[PDB]
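Residue numbers (my numbering), protein chains in the order written: chain V, 1 to 188; chain B, 189 to 376. Think of the CB as a built atom: it goes at the ideal place given N, C-alpha and C, for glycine as much as any other residue. Below is one structure, written out as structure tokens; the observations come after it.
Written out as structure tokens, the structure is:
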């Protein structure tokens with residue numbers, strides 16, 4: 001069985017982790033662990049008051065298969081959490097790490113994007129971080145990218161972000177594909 | 189001041205009210221009131237433990253411009269809230285009522301779809317409710333429908349659901365369109 005940690009924060013982007021968590025948990029039998037930087041409740045961009053299971057510091061990769069980090073306003077408000085140690089903790093156990101929107105650029109700041117293909121909201125967004133050394137690997141494309149156990153996406157790409165995470169986890173069978181392929185039709 | 193009530197429930201579909209709430213509240217200056225049937229917490233399909241602001245019976249249309257009902261599993265689980273009184277309260281005040289996915293068929297069960305153009309997950313989903321007498325007006329199309337102060341959509345159409353709610357409220361300006369137009373690109 002698969003366990004995914006979703007690292008929430010104040011002003012998290014409601015639409016970014018939603019389809020992944022709802023489909024994984026309710027359709028695919030995945031356990032979802034929600035965490036916040038200090039283990040206390042946070043309020044999403046859309047005003048949802050959410051109580052997490054745990055804090056970032058308590059997350060243990062020993063039995064969590066993936067770390068998924070949604071974007072949101074904390075970065076631009078100057079209150080973003082320190083993800084460096086948390087990302088390294090998961091990488092050290094060769095777990096999937098996924099970041100979307102502002103959190104993709106925060107991943108760049110950890111160094112984890114230095115050596116793998118990736119994307120984000122914009123290359124300039126990643127380059128704002130001095131530790132980001134991954135510029136040659138950035139791919140300016142609309143859909144999520146998955147490479148080397150790291151999945152990244154722009155905040156405009158929540159569906160492919162979900163698909164790539166599930167694919168990477170070996171969970172993208174017919175049920176998963178049936179539930180996630182339905183979102184394109186309203187854009188035709 | 190525009191205020192939108194979002195009527196959550198146990199096992200609500202995380203991806204359905206997310207874009208609307210986040211964009212409205214964070215970008216467009218809209219106040220979001222989240223409610224559950226008994227006013228106490230509920231758990232989304234994705235496992236979010238959400239503490240709402242209030243209960244359904246405290247929602248007063250004198251003060252609230254729109255009632256937005258996400259779908260989710262309560263209907264299929266046979267534990268859904270009775271929406272008839274709440275919907276009538278809002279409709280009688282000529283407030284927008286919007287329902288997506290299973291909640292669109294639940295709105296059909298109140299009779300509110302009898303006289304307006306609408307859509308849903310499928311015509312047969314609406315027909316499962318004996319009070320639904322709107323078959324002549326059902327639109328089998330991928331995008332949300334807005335007519336007569338009622339907005340409906342399939343669960344696969346969260347973006348157009350949000351856009352039609354915002355248009356109904358006279359809030360779909362250049363800022364709204366810019367935040368909401370970005371989701372098509374990942375589908376080609």
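Within 9 angstroms (strictly less), CB to CB, does residue 177 of chain V reach chain B? Closer than 9 angstroms to the CB of residue 177 of chain V there is not a single CB belonging to chain B.
Buried or exposed for residue 170 of chain V, going by 16 or more other Cβ atoms inside 10 Å? Per the 10 Å Cβ criterion, exposed.
Quick one, which residues of the region 30-55 of chain V are near chain B if we go by CB-CB under 9 angstroms, in chain order? Of all residues in the region 30-55 of chain V, 31, 32, 33, 34, 41, 44, 45, 46, 47, 48, 49, 50, 51, 52 and 53 have a Cβ within less than 9 angstroms of some Cβ in chain B.
Express the C-alpha separation of residue 141 of chain V and residue 371 of chain B in angstroms, rounding to a whole number. The straight-line gap from Cα to Cα measures roughly 13 angstroms.
Find the nearest neighbour of residue 228 of chain B within the set B/236, B/321 and B/241, judged by alpha-carbon distance. The residue with the shortest Cα to Cα distance from residue 228 of chain B is B/241.
Give, in chain order, every unbroken run of the beta strand (DSSP E) that is at least 3 residues long and sits entirely within the region 194-242 of chain B. Listed in chain order, they are 219-224 and 237-239.
Nonlocal neighbours in the same chain, by C-beta distance under 7 angstroms from residue 103 of chain V, ignoring five residues either side: So the list reads 69, 70 and 71, once near-sequence residues are dropped.
Terminal residues of the continuous beta strand (DSSP E) containing residue 285 of chain B? Element bounds for residue 285 of chain B: 284-288.
Selected residue, minimal CA-CA separation from residue 92 of chain V, among V/64, V/73, V/82 and V/76: Residue V/64 is the option with its Cα nearest to residue 92 of chain V.
Just to confirm, are residue 202 of chain B and residue 261 of chain B a CB contact at a threshold of 9 angstroms? For residue 202 of chain B and residue 261 of chain B, no; Cβs fall outside 9 angstroms.
Specify the secondary structure class of residue 146 of chain V as computed by DSSP and reduced to three states. Three-state DSSP puts residue 146 of chain V in a strand.
Opposite residue 67 of chain V in the DSSP bridges: which residues? Its beta-bridge partners are V/5 and V/97.
Under 8 angstroms Cβ-Cβ, which residues of chain V neighbour residue 284 of chain B? Proximity of chain V to residue 284 of chain B at the Cβ level (cut-off 8 angstroms) is not reached, the minimal Cβ distance being about 18 angstroms.
Residue 25 of chain V versus chain B: which residues are under 7 angstroms apart at the beta carbon? At a beta-carbon threshold of 7 angstroms, the residues of chain B lying near residue 25 of chain V are 233, 234 and 235, ordered along the chain.
Which parts of the region 74-137 of chain V are runs of the alpha helix (DSSP H), unbroken and 4 residues or longer, counting only runs that do not cross its ends? Entirely contained in the region 74-137 of chain V, the alpha helix (DSSP H) runs reaching 4 residues are, in chain order, 84-92, 102-110 and 123-127.
Can you find the residues in the same chain that come closer than 6 angstroms, C-beta to C-beta, to residue 232 of chain B, ignoring five residues on each side of it along the sequence? Closer than 6 angstroms at Cβ, skipping near neighbours: 200 and 202.
Check each residue of the region 248-264 of chain B: if its Cβ is closer than 9 angstroms to any Cβ of chain V, include it; give the result in chain order. Of all residues in the region 248-264 of chain B, 260 and 261 have a Cβ within less than 9 angstroms of some Cβ in chain V.
Contact between the region 329-341 of chain B and the region 285-305 of chain B: three or more CB pairs below 8 angstroms? Yes, the region 329-341 of chain B touches the region 285-305 of chain B.
From the DSSP output, read off the bridge partner residues of residue 339 of chain B. For residue 339 of chain B, which the question treats as bridged, DSSP gives the partners B/286 and B/334.
Output yes if chain B places a C-beta closer than 9 angstroms to the C-beta of residue 159 of chain V; else output no. Interface residue, yes.
Based on the DSSP secondary-structure assignment, which residues constitute the bridge partners of residue 170 of chain V? Checking the DSSP bridge columns, you'll see residue 170 of chain V has no partner listed.
If you measure from the beta carbon of residue 371 of chain B to each beta carbon in chain V, is any gap under 9 angstroms? With 9 angstroms as the cut-off, residue 371 of chain B counts as an interface residue toward chain V.
Is there at least one Cβ from chain B nearer than 9 angstroms to residue 187 of chain V's Cβ? Yes, residue 187 of chain V lies at the interface with chain B (some Cβ there is under 9 angstroms from its Cβ).
Close Cβ partners of residue 333 of chain B (< 8 angstroms) along its chain, the five nearest in sequence each way excluded: Cβ-Cβ distances below 8 angstroms link residue 333 of chain B to 305, 306, 307, 327, 339, 340, 341 and 352 in the same chain, with the five nearest sequence neighbours on each side left out; the list follows chain order.
Alpha carbon to alpha carbon, what distance is there between residue 59 of chain V and residue 300 of chain B? Going from the Cα of residue 300 of chain B to the Cα of residue 59 of chain V covers about 47 angstroms.
Which chain B residues are close to residue 13 of chain V, counting only those with a beta carbon under 7 angstroms from its beta carbon? Neighbours of residue 13 of chain V across chain B, judged by C-beta separation under 7 angstroms: 210.
Let me confirm a value: residue 79 of chain V is counted as buried when at least 16 other C-beta atoms fall within 10 Å, else exposed. Which label applies? That one is exposed.
Can you name, in chain order, every residue of its own chain whose Cβ lies under 7 angstroms from the Cβ of residue 205 of chain B, other than the five neighbours on each side? Closer than 7 angstroms at the Cβ level, and outside the excluded window around residue 205 of chain B, lie 194, 256 and 258.
Are there 16 or more other CB atoms within 10 angstroms of the CB of residue 158 of chain V, so buried, or fewer, so exposed? Under this definition residue 158 of chain V is a buried residue.
So is residue 174 of chain V in contact with chain B if we call contact Cβ pairs under 9 angstroms? Not flagged as an interface residue toward chain B: residue 174 of chain V, since no C-beta distance is shorter than 9 angstroms.
Smallest Cα separation from residue 77 of chain V: which of V/9, V/49 and V/26? The closest CA to that of residue 77 of chain V, considering only V/9, V/49 and V/26, is found on V/9.
Beta-carbon neighbours of residue 327 of chain B, restricted to chain V and to distances below 8 angstroms: Here the premise fails: no neighbours, minimum Cβ distance about 13 angstroms.
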